[PDB]
Number of protein chains: 4
Amino acid sequence: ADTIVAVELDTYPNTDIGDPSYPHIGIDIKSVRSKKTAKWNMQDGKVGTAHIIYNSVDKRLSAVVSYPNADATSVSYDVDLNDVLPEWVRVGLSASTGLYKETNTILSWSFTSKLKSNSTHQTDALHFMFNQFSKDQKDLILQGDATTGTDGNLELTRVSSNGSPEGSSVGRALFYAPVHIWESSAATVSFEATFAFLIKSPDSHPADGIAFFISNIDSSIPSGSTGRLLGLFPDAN
Amino acid sequence: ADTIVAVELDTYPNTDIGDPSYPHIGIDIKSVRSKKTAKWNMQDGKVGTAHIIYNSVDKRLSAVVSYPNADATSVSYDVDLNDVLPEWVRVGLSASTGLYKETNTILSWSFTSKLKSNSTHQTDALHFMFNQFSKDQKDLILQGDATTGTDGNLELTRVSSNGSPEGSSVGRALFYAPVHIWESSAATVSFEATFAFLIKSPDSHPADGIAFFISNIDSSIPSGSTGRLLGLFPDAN
Amino acid sequence: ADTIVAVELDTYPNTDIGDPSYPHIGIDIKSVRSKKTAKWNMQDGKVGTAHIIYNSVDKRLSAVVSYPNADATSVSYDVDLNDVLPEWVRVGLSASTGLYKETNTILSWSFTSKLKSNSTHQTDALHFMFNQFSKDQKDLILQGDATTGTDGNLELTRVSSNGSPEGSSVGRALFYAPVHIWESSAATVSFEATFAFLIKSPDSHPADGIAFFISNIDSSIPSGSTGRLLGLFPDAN
Amino acid sequence: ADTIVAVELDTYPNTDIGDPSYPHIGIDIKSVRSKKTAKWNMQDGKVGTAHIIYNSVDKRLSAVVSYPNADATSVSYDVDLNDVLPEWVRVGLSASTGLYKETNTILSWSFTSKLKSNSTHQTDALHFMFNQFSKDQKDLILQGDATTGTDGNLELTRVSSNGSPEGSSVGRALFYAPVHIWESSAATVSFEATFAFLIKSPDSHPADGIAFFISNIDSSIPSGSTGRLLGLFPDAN
Ligand SMILES: [Ca+2]
Ligand SMILES: [Ca+2]
Ligand SMILES: [Ca+2]
Ligand SMILES: [Ca+2]
Ligand SMILES: [Mn+2]
Ligand SMILES: [Mn+2]
Ligand SMILES: [Mn+2]
Ligand SMILES: [Mn+2]
């Protein structure tokens, strides 16, 4: 079916589905129940930034979130990754809301991936960055409450005119253009993703979170992937 | 209809359609009849390389072809470009054959474009390079005699098993993913394309040429765009 | 002697030395008396951004300054450049003050240059960006009132503790590491520079300006290059 | 004193100094006696390519050598690195010869490093690539038998006019410009180095090897760092 491997920004502790006691960031492998996690003191009204890294060589999944003047969080997961995801995949981001609400916003999106080896010493690459999210991307793959064109930012969840974010939405955005993290002569595969985030929230118990993931090409939003589930996980934790 | 603006590598002088007396390189604007040209001493059996540049600021279309130890060619055309092509376009390459034959091969494909201004000081980009053209690109947009998977190269024209290139083909390859050379807060737009080429040819009168171009999204191959026409120009010079 | 070719941000009209009637930006070739200019409505207290571009091919010197929501300025000068500057040069920035005062500040510094051709299809490059200007760069070449380590910015002119900029200073900062814009097999040379600027100023007649330039390696500050002169021009307009 | 941390290409098994029974690649930390190693089947007369990677986050030292059609080698060492090397360092390459001889040649040199975090979301970078090693680099830091200007390559060891490599030499080349792998707001530091190599050798027992390393700024060649030692290790294994 539809598979995914992503890094989640869980501001809402959902201990039910083995979700911890506090808002955190975790690496989900085909599962919402992160394989690893790290306490994450969210910052209401502040601009954040998250970074991911992984080597075909080292075979490790690391990510780090942060805000200025503030101390950061670190978490890593050891994963070959070649047996999980396909040679050819797609990249995107998302976040859901259901019982409560919250803004789920990214002002910037930078993406680069490289493939090497082939001792041919050529290398094959794709990189790219955003910041002014106009209306009608075209190279953008928006699905759900996802919207574009408000203030040159990309807002994934439902928010009202004044600024009355809704809680029943789920936003998913993926690049129209695929990626390649394989290659026969593949003896080195690298990719780095780093996007900005502005997470407000009236309620003192913000929800439900934000992430980043890869997935099929014919990938579609989960049906009841609202709130925790994350809008990437098909239901069954 | 279908529009295009490209840089042509015409190894075959077709003076009929105002084509010069010798194999050359020219900039075609909605027309095969280059606006500018420059004598180009082709090199049979040798690896070449072509480069293009253009600034939203300077508003000039420059390209330069070359081989090692050998002297290069230069040609430029002054063109705003914002009134010709759409905000959103697609990028590709191609070449045709009809009366005669020839290989029309590129071993490498590098592409970068940047958009700036918005005094926001963010910038929005996309870059990427190829060299090992596997079978079933996916991020590749092949149309016609275009093929992939022979020796980690991209061969656009029809060539037989042994190596008996055909003469009735036309190969066009474009990136699956669109590009953006607009932007409201657009006060600077840049893009650089550079790919490799291996042009053999038994006959002492090789044909018919190779190029590079942008075009619509629903762009389709010309019908009788074989040989000179170039497989980008819809017939009517 | 000491030569320079730079792009000046003249907020102070000094018509005496053929300086126009209003604060502007101009391209100085061995001379302060810009070869070209363009009205420039400075923005007190606002963050700016300036961009430069030039091709060995097109052989044109273009730059563009701007702030958000605000309209930009454009100016270009046609200059081969290979007869002016040396194969090997150095890059930097500066600004002076003498009769009046003003802050002359850059928060960010991005720099890339490429050399191509050699039909070898290799290319030789150097790029780099700054934003958090710590104390004791080392890769930084500071001379004069130039300082580093205040708020992760690079302030070139003299400013007091509270924030009482002085008017008798001149700040020049250049990369410790040289550059190369030559090459025998040189048939294409490219470089792009873009840095941020925060220009305050109590007085309603700010001074004296900011720029960007290349120069010798044994380059040294002008003696009376205070104010207009610019701290790059050796005196004699 | 003079410290170094590098990746060695040991084609000569020197079991005496705990050097294995076969030509290999190993990571030397202040010591020649690699912390890790991996059998490496060298290819006489063939073009090679080596790659290194390390994250401030993952804190792992990985490198991979290879030639076309041929199977590669992998080796990694877990090393924070912040307690070993200084905030500010220099980058280079080298190789020695003493009892026997061999060419120790690199045709290409690509280098990029990034510093992030500061939740400021700016990042500070430096990248660059070579391939045509002209005479008198200037941005190059050559020491010893190191030479430049033969065929647009960088040859570090002594070789005669015809092509009669010597065996008593040692070549070290480092970038004139320093690097920065620190930063207070440092919560992510990345760098990737990849250069080409052509290792000939008449004798069926080539020697002595090639590497890559960082070190002090006032770094100087070892005195008896000929052969194994490597010309980076000060003698005392
Ligand atoms: Ca949760
Ligand atoms: Ca023709
Ligand atoms: Ca003035
Ligand atoms: Ca040894
Ligand atoms: Mn969770
Ligand atoms: Mn023509
Ligand atoms: Mn002026
Ligand atoms: Mn060893």
Side-chain angles (χ1 to χ4, degrees), chain A residues 4 6-29 31-40 42 63 65 73 75 77 94-102 104 167 170 199 201 203 205-213 222 225-233 237, chain D residues 6-28 31-34 37-40 42 94-102 104 167 170 199 201 205-211 222 225-233 237:
Chain A
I4 83 332
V7 336
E8 113 191 293
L9 325 194
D10 233 296
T11 74
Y12 203 113
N14 310 124
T15 54
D16 221 69
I17 63 183
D19 225 359
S21 25
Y22 42 96
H24 56 293
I25 25 91
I27 261 110
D28 299 330
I29 327 291
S31 181
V32 214
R33 309 195 185 237
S34 340
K35 269 49 162 93
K36 225 183 170 40
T37 108
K39 197 141 83 179
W40 164 21
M42 159 190 87
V65 260
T73 125
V75 254
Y77 194 62
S94 82
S96 61
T97 77
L99 258 270
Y100 301 84
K101 27 229 165 55
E102 80 149 54
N104 274 302
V170 20
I199 349 182
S201 162
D203 310 352
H205 286 325
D208 236 269
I210 309 173
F212 164 52
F213 56 58
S225 40
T226 345
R228 39 191 93 194
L229 294 79
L230 242 269
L232 329 133
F233 306 130
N237 297 201
Chain D
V7 336
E8 113 191 293
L9 325 194
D10 233 296
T11 74
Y12 203 113
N14 310 124
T15 54
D16 221 69
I17 63 183
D19 225 359
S21 25
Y22 42 96
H24 56 293
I25 25 91
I27 261 110
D28 299 330
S31 181
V32 214
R33 309 195 185 237
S34 340
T37 108
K39 197 141 83 179
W40 164 21
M42 159 190 87
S94 82
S96 61
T97 77
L99 258 270
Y100 301 84
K101 27 229 165 55
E102 80 149 54
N104 274 302
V170 20
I199 349 182
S201 162
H205 286 325
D208 236 269
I210 309 173
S225 40
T226 345
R228 39 191 93 194
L229 294 79
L230 242 269
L232 329 133
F233 306 130
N237 297 201

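Here is how names work: the chains are called A, B, and so on, in the same order as the sequence lines, proteins then strands, and each is numbered from 1. The figures here come from the full heavy-atom set of this structure, side chains too, leaving out hydrogens, waters and symmetry mates. Remember, it's 1-based here, ligands and their atoms both numbered in the order they're listed.
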Item to check | Which residues share a side chain to side chain donor-acceptor pair (under 3.5 Å) with A/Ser34, sequence neighbours left out | outcome: A/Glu8, A/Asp28

Checklist entry - Looking only at heavy atoms, which two atoms of D/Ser225 and D/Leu232 are closest? And how far apart? => result CB-N, 4.0 Å

Next on the checklist: Atom NZ of residue position A/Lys35 - does it have more than 12 heavy atoms of other residues, nucleotides or ligands inside 6.0 Å?
Outcome noted: yes

Item to check | Side chain proximity check, D/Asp16 to D/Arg228, heavy atoms < 4.5 angstrom | outcome: yes

Checklist entry - How many angstroms lie between atom OG1 of D/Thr37 and atom CG of D/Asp10, to the nearest 0.5 angstrom? => result 9.5 Å

Item to check | Residue that, paired with A/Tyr12, satisfies ring-ring contact (aromatic ring centres under 6.0 Å, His included) out of A/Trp40, A/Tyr22, A/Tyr100 | outcome: A/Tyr100

Next on the checklist: Give me the atom names and distance for the closest heavy-atom approach of D/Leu230 to D/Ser94.
Outcome noted: O-OG, 3.5 Å

Checklist entry - With a cut-off of 2.8 Å, which protein N/O/S atoms are close to the Mn ion (ligand 5), if we only count those under it? => result A/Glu8 OE2, A/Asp10 OD2, A/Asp19 OD1, A/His24 NE2

Checklist outcome for this item: Taken by chain and residue number, the protein N/O/S atoms under 3.0 Å from the Ca ion (ligand 4) read D/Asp10 OD1, D/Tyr12 O, D/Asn14 OD1, D/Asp19 OD2

Checklist outcome for this item: By side-chain contact (heavy atoms from CB on, under 4.5 Å), D/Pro23 pairs with (sequence neighbours left out) D/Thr11, D/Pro13

Checklist entry - Under 6.0 Å from the six-membered ring centre of A/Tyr77 and within 45° of its axis: does the NZ or CZ of A/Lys36 meet both? => result no

